[PDB]
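# Tertiary structure, described
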Amino acid sequence: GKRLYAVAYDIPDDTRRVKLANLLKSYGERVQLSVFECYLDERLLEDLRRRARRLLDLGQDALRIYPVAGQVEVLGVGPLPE
């Protein structure tokens, strides 16, 4: 079912990065400059990948998707964890 994912990206191109961030908003919320937290199940995860693939230059860009299980820990500024 739905689980928390950390979605971290490294996109050198500003235009592609803006498009990717706008896409990620449809699945979750920003937590840091290069990271969103998204609640996804299998179907939404596939949808996210499918749409992210349209946008990325896969020779230059990186996107990592981490399924999270356990307590997220936050030091410093930024959104408090569950």
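Residues numbered from 1 in each chain as written, not as in the entry; some residues may be left out. Heavy atoms only, no water.

Method of determination for the deposited model, per the PDB record: X-ray crystallography, at 1.64 Å resolution.

## Focus on the packing of helix α1 (residues 14-24) against helix α2 (residues 42-55)
Where α1 meets α2, the closest approach of the two axes is 10 Å, and the angle between their N-to-C directions is 165°. Taken together, the axes of α1 and α2 are roughly antiparallel relative to one another. In the packing of α1 onto α2, the handedness of the crossing is right-handed. In this structure, α1 contributes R16, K19, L20, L23 and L24 to the contact, and α2 contributes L48, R51, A52 and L55. A breakdown of the residues in the contact of α1 with α2 according to their chemical character gives six nonpolar, no polar and three charged. (Axes fitted to C-alpha atoms, helices over the stretch in contact; angles between N-to-C directions. Helix = DSSP H or I, 4+ residues; strand = E, 2+ residues; numbered from the N terminus. Parallel < 35°, antiparallel > 145°, perpendicular 65-115°, else oblique. Left-handed = near helix turned anticlockwise from the far one by under 90°. Contact = heavy atoms within 4.5 Å. Nonpolar A, V, L, I, M, F, W, Y, C, P; charged D, E, K, R; others polar.)

## Brief notes about the side chain of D61
Here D61 lies in the loop between α2 and β4 (62-67). For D61, a relative accessible area of 9% translates into the label buried. A polar contact of 2.8 Å, which involves the side chain of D61, links it to the side chain of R16. One polar contact links the side chain of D61 to the main-chain amide nitrogen of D57, over a distance of 2.8 Å. (Buried < 20%, exposed > 50% of the residue type's maximum accessible area, 1.4 Å probe, protein only. Polar contact = N/O pair within 3.5 Å; in protein donor to acceptor, adjacent residues only side chain to side chain.)

## So, the pairing of strand β1 (residues 3-10)
Two faces belong to every sheet, and in a regular strand the side chains alternate between them. Examined bridge by bridge, β1 and strand β3 (residues 35-40) share six bridges and lie antiparallel to one another. Opposite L4, over in β3, you have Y39 as the bridge partner. In this structure, β1 lies alongside β4, joined through six bridges in antiparallel fashion. Bridge assignment links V7 to a residue of β4, and that residue is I65. (Pairing = 2+ DSSP bridges.)

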